[PDB]
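K.L.:
Only the shape, not the letters, is given here:
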């Protein structure tokens, strides 16, 4: 096994070297009022990793409109990062606009728990979603052999943002939950008096005292979330390999 | 930080009490030739957790079709598990067919790293995908306030099983990857001589010696995986709260 | 073996989550001048535990008029406690009026030595009687398979309170002790001079210098204590399962 | 701040000196097929302790009826034990027939967690109920200033032997439980299957699948247990201090 | 294989419970300008111990005249101490006037190194002679089966006080030493120059420069010391068992 | 704050260098069936020590008749032990016939706990009475400024031998005990049944079940023990400095 | 400070991943009867490192005819190694024929002491000359900013091989030593008798008993060694950047 | 293994006895504004060491030209140092002008890691090149059996000083590098924006964005470096042996 940071913890404080310069995490983003998705890949010049940087690049504008920056990470040097981004721009025709951390020696990798038993040398495909207070909110660990679904990451951030602002919890598969649709959940009562009163109030749609919900999310916010999922389910009309 | 099992490690061998009886993990499933998805939730009788059990239960035939079992986990007793299952069946009309581990005390929870900074008492929403050899293949950690997207879990297992049987890596957003669509990736060469013998063969679609790919997946494999995504994107015909 | 707080110690200071809210022990009660009985049960939705919660609820007025609060504890969550209380109220017709601590993880269980060899996972049936100074006065550990006798717990607190107020020790089986009946005992002298003088005082009934007694409890105090035992001994004329 | 042995544990193996001679616990009783109650008291020639020794001796036959031996314990020597026994026989007119462990130095006291904060030198009033397998079944800790109710200890042993022989759990206040009277409880199901099967079977009176009960104990066993409480509640006809 | 305080050390500081009340040693006696003899016995209600308490009690006036208080010790409680004294006064007709420390648990016994290999549970027959500065001057350890000669304890304290007073050392068997009789010894010179000067002084009777003596003790002090030995040697005129 | 062997322990096994040669203790005596008294003194050529050596030598035959050997101990060398013995013989006219252990470095002294607070350099006046089984029976620790009463050491050895042979305990001040005089004590019963049995047996004189005695010591044995005390008490007829 | 393997020690046993496959050191080379020169550089796609690889490549047949192989090392992955070698071959026209170890994580780097204060993340320019017994013979540590003089490495290996074979020590600046030219040194006598005898024999040219020499090297061996130095000193007639 | 100081570390502060007096290192040279080359040899009156002292001595003016001081080191005492120097002057006709450290006991040796497996007793032939700020710039470890190429040491010093003054890295085999000749390398860009700006400037000869170079060294700098290598390659006119 191995040590990882935890949801609810401040993202580990660290200076990192990226192909855009040295930055301090989480401060660099907290200081701008931005969330960030830090993600890792095993090595530059690898095919699934290439597909993922292109997926994130295609979605960059969607992350930007949420107030979310992106930063990659692998054990390769900055020189390989820059060569790789050149290859991608020259061969795929897609410019990767976000920084990638170069972590030779695996110092950052160890701190984030990114070295798993699958490889002694190269990080798996971790994802850390960090809010504007610098706090880790969600963590995913995909393996070498399987690319991520980048639209799920946009759904996570959007849903966290809505839940944060509306003071609501987010049902499974939102905004298409099979029990309540685009509804969102009132955090359950934690006392008997609070539970009884929530019943008496009659304020919310109610399956039980612990299961109340309403529909506070704007149509634009629901439409935006469902858009990420529609895109994920849709096959591209033009594949990039072709040209 | 906290400590977790890791991708590529065998699932930690343990005897656990479930609401279906005591079983040994991963042996119980390994011995049937089955993969399993073990997931956790914080507490029985909480609303996001209930939406997720319903989502999994509804999608249960889809896991069964792939040869994958489901096993849940929380710090509640087997008695509360059974009561909660009774409630969901009576009130939502969905039967939960799969076992839930009862882990009062957090013994399992600690071995699987499920206790994060968000709560000293209740597990976050972890997911461990474990193959028929008992090896952890993917791990996701969602927080208290955000339900999982269950069709992604179905897409992850389907893709890993497909990659294993076809000896292929799976690109980002597969089967809808923006470079190669439903194409699958040949694991890159790791030696000069291997790299040149691959380029000489003319055997694969090739963007460079390290990015070769082909389309070995049956239409049935491709379309089943896309159906999970389509389902995730689609607004429910009728909400279960209604009835 | 395992470790337990001890009679005569201040109850371990701790913030606990209850289905009534977060409270501080023992301060929450000490601050009100109240005793409390904290008791534990293996798990909600278990049958012996349900019978004991009903028994405590039926005696709740007796505990209150003594100035004693009740607080239960199990490793179940607050949500399970509320659901369980709903079940008991709906099916038994008895409302459980006092809080139950939720201790998933066993942090409280461990501190109070409530996890025995009988179960990995669930507390036994421990009882801690804690006075208005925050001090542990008595501890009982019953096992999973055997429910407690709640009327003994009222006798213990009544007798301890009486003993404190009257500066007396309490004989076995009080108020029906076979030697001195409802008599209470003067704590025995601990020096030779004190022994000598107690005998020359002629103040008390006396079997030896170390065994003096008198009867300073009121009829009402004595009768209250006897009532708890008479109830224990009495078969209910109507059983709750009957109209359940 | 103190360690004690635990319910479900075998009684700590020890050789002890009593005023009846040296014996080995728990073996001395296990090899006779006997239960025992080991109880402690602060000091010989103390008044509450004297009342309790007299209550135990009056009930001595009731213990024998149940196949239960009594064994006391304090920090005093065997000489003081014998002298105290002589006093009680001569002044109360009650012969104390069972052994008392002499524990000067507090070696036994320490191993059973009998020294509490209330004194540093004398044990409190502990009670260990120990079955014929040598296993600890119940423990009570009364303080210096309060005598025990010896009838409850009889009811505990009786009820424990009954639950053992009939494979049942015993409700609160049994045989006068306010829900099921002298009914005894079937240990609840711990799987969903087992729960459904018990319900459908019509075998037991049933408040819910986890609360089944019946009346398997004989009138004789029921009336015996109720008699202990009836005695506890009776005002004695004649007080021993009088004669 | 045991630890004891030492001659010339301050008696261990400790608060002790006696049948006269709680006191602090050596302070309680130091603050009165009194020496004390602390002695121990295995258990109340034992026969050799009873004879020694009666001997002490008989010489109480002699000890008192030397400014020496007496204090006993055993592991029995205060309640036994008091019953044992009542017994001795009732059956032997001797009131024991001095305190006995109750040491159940052996805390004092351990500090004073009174638990030897003979027992396990009960102290040997220790004797600590402690001067009015709280300093240990002599220690005797007699075993279970042998009572002390209490007149030698009187001779010890008498001689030490006189030596302290007169600045003299005390020969073997004093006041009946075979070489110098009731003479007392001048502590020997410790330098060559001091040795020659004593030789040149003619001031003392002298066997060598290191063996000088004189007869500085009053006839009264000598006769008091010989009386203790005379009593020791004398056959009692009428035993106390005769009554 | 010092370590000692204990009564009931076998005397610490050791080879020691004496002015009689090297011997192994307690084996050297155990092998002869002899008891021994090991005593210590701070230093050769010191006055109280010299008086004690003369007292032992004068009682040497008393110890010999009891089957008890004597062995001394100080931090001085064998050469010093020999010169000191020459000095006593020459100037007091007493030959010291028993061995003295030479223990420079305090190896033996440390083992026997003879180094106390009174001197960091020299042993106090310890006494160890050791039986024919090598077992420590009594230990006395006298200080530098006070010589021993050698006759009490003879009383100890005699009384212990008699106790051992007669299976009796020995009262205070024996053979002149104020309660039972020259009587010896039966060790008390240690069970209730043994107690009742002994008190119904009319076998012994008896103050209580735990205080039974009889008179099994012979006149000669009692008179021997009395003689040691009588010698202790007697003002000597001729002082040895007078003819020194 | 840091720790390194030492001259005269067996090279650390380790399995390493190269862009030719996984191999064990030193065993892979020892098995083939080869010396090897292991050298490190900071990162692929760096300019000084690229010039050194081209210099070693130019000299590769010179190493081969000495029975010496070459193996490089950096913290980059094998994919970067292969891309960088493709770049060199395409742009500079030189194929790099020998393996490069990929050491992401710095595992080999830290065993060899290759991480110095100049960079926390990239190795310096270390060189380990290892003989056919697996024994380290010479070590050099050049910094980031300065390329090696590769002809000196060839001179070191040649001279060591010749010295081992002729049982001779090698003068400074050999084969052009200012005192003895292409002469080689007899290892000095270590005893007085050996010194006398060496003098007596008249076997060698001699400056002192400790400084004897002769000229056992073949003309070809001396010429080969001088050729390395002549090449070092000669300005190439055509520079590779030109084409 | 062994412990060494590291490139980029300040040379360990130490006081050392040499045959010119006691000095503090690196302070003695730092406070002169001087670089120094500290080198070691096994023992005085050994032949390879003697050749190397002669080689350094003859190149002494060349080190002085660069503002570099030389300092030797062996475990022999200063008396042996002065005697050995006298022997070299009388016999070979060369005055050794620079100090040698006397390190019997190996205090300095251990701190510099000069004691390798080849001998427990005598240093290897270490070389530390230390710049005028006292920083270690390069280290070499030659063995007992192989003399140094002293002209390489001069080339390293010159090239490092040149690099420092021109902000340039120095390619393999400089000034005769087969790709770029006497050109010097611009340290590669470490961010994407810098790499792009460099390409946009057209300021340098450019093989790629990470491989730019120019020719900023003076002819004097080039020809002096090349001279060291020419000298190394040149057969001496007259051997010093001939006399």
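P.N.:
Structure's in. What do you need? Numbering: from 1, shown residues only, chains lettered A, B, ... in the order given.

K.L.:
rest of the way, CA atoms for contacts and neighbours
P.N.:
Noted.

K.L.:
And residue A:159, how close does it get to residue H:170?
P.N.:
Shown here: residue A:159 relative to residue H:170, a distance of 55 Å by Cα to Cα, to the nearest Å.

K.L.:
Over to residue A:204?
P.N.:
Residue A:204 is 74 Å from residue H:170, by Cα to Cα.

K.L.:
Residues of chain A that sit close to chain H?
P.N.:
Residues of chain A lying close to chain H by Cα under 8 Å from any Cα of the partner chain are A:18-21, A:78-79, A:82.

K.L.:
on that earlier part again, residue A:159 and residue H:170: which has the busier surroundings?
P.N.:
The residue with more neighbours, out of residue A:159 and residue H:170, is residue H:170; 29 against 25, by other Cα atoms under 10 Å in any protein chain shown.

K.L.:
check contacts around the residue nearest the centre of chain A.
P.N.:
Closest to where the C-alpha atoms of chain A average out (Cα atoms, centre = their mean) is residue A:153, at 4.0 Å. Listed by Cα atoms under 8 Å, 6 or more residues apart in numbering or on different chains, the contact set of residue A:153 is empty.

K.L.:
which element is it on?
P.N.:
Element membership for residue A:153 (DSSP states H and E) is helix A:150-166.

K.L.:
buried residues in that helix?
P.N.:
If you call a residue buried by 16 or more other Cα atoms under 10 Å in any protein chain shown, then helix A:150-166 has these buried ones: A:150-163.

K.L.:
what about residue A:115, neighbour count?
P.N.:
Counted with other Cα under 10 Å, residue A:115 comes out at 24.

K.L.:
Would you mind measuring from it to chain C?
P.N.:
From residue A:115 across to chain C, the span is 29 Å (Cα to the nearest Cα, to the nearest Å).

K.L.:
contacting residues around that residue?
P.N.:
By Cα under 8 Å, 6+ apart, residue A:115 lies in contact with A:109, A:121-124.

K.L.:
Identify the residues contacting stretch A:127-144?
P.N.:
The contact list for stretch A:127-144 (Cα under 8 Å, 6+ apart) reads A:6-11, A:26-27, A:29-30, A:33-42, A:118, A:124-126, A:148, A:157, B:7, B:137-143, B:169.

K.L.:
Put together CSV for the contacts of residue A:115, with secondary structure, distance to residue D:208 and neighbour count on each row.
P.N.:
Below are the contacts of residue A:115 laid out as CSV (DSSP: H, G, I helix; E, B strand; the rest coil; distance: Cα to Cα, whole Å; neighbours: other Cα atoms under 10 Å in any protein chain shown):
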residue, secondary structure, distance to residue D:208, neighbour count
A:109, helix, 53, 24
A:121, coil, 57, 23
A:122, coil, 55, 25
A:123, coil, 52, 28
A:124, coil, 49, 28
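
K.L.:
What is the longest helix seen in chain A packed up against?
P.N.:
As assigned by DSSP state H, the longest helix anywhere in chain A is helix A:47-65. Helix A:47-65 is packed against strand A:68-74, helix A:150-166, with contacts defined by 3 or more Cα pairs under 8 Å, 6 or more residues apart in numbering or on different chains; DSSP states H and E.

K.L.:
In a markdown table, list the ones you listed along with distance to residue A:99.
P.N.:
Formatted as a markdown table, these follow (distance: least, Cα to Cα, whole Å):
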| stretch | distance to residue A:99 |
| --- | --- |
| strand A:68-74 | 5 |
| helix A:150-166 | 17 |
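
K.L.:
ok, and does the helix or strand that contains residue A:194 reach over to chain C?
P.N.:
Assigned by DSSP H and E, residue A:194 falls within helix A:192-201. Yes. Using Cα under 8 Å from any Cα, helix A:192-201 reaches chain C at A:192-193.

K.L.:
tell me the angle of that helix relative to strand C:14-18?
P.N.:
Counting by axes from the mean of the first three to the mean of the last three Cα atoms, to 10 degrees, helix A:192-201 lies at 30 degrees to strand C:14-18.

K.L.:
got the contact list for helix A:192-201?
P.N.:
Residues contacting helix A:192-201 (Cα under 8 Å, 6+ apart): A:189, A:209-210, C:19-20, C:82.

K.L.:
what's the nearest residue to whichever residue of chain A sits closest to chain G if we skip its chain neighbours?
P.N.:
Per Cα to the nearest Cα, the residue of chain A with the smallest distance to chain G is residue A:105, at 3.9 Å. Once flanking residues are discounted, residue A:105 sits nearest to residue G:105: 3.9 Å by Cα to Cα, 6 or more residues apart in numbering or on different chains.

K.L.:
any idea how far the one you found lies from chain F?
P.N.:
In terms of Cα to the nearest Cα, residue G:105 sits 58 Å off from chain F.

K.L.:
who's in contact with residue A:189?
P.N.:
Contacts of residue A:189 by Cα under 8 Å, 6+ apart are A:195, A:198, A:209-210.

K.L.:
hmm, try it at 6 Å
P.N.:
Counting by Cα atoms under 6 Å, 6 or more residues apart in numbering or on different chains, residue A:189 makes contact with residue A:195.

K.L.:
mind giving me the domain ranges of chain A?
P.N.:
Chain A breaks down into these domains under curated CATH domains: A:1-145, A:146-243.

K.L.:
Check the ones you listed for me and report the most buried one.
P.N.:
Highest mean neighbour count among the domains of chain A (mean count of other Cα atoms under 10 Å in any protein chain shown): domain A:1-145, with a mean of 21.
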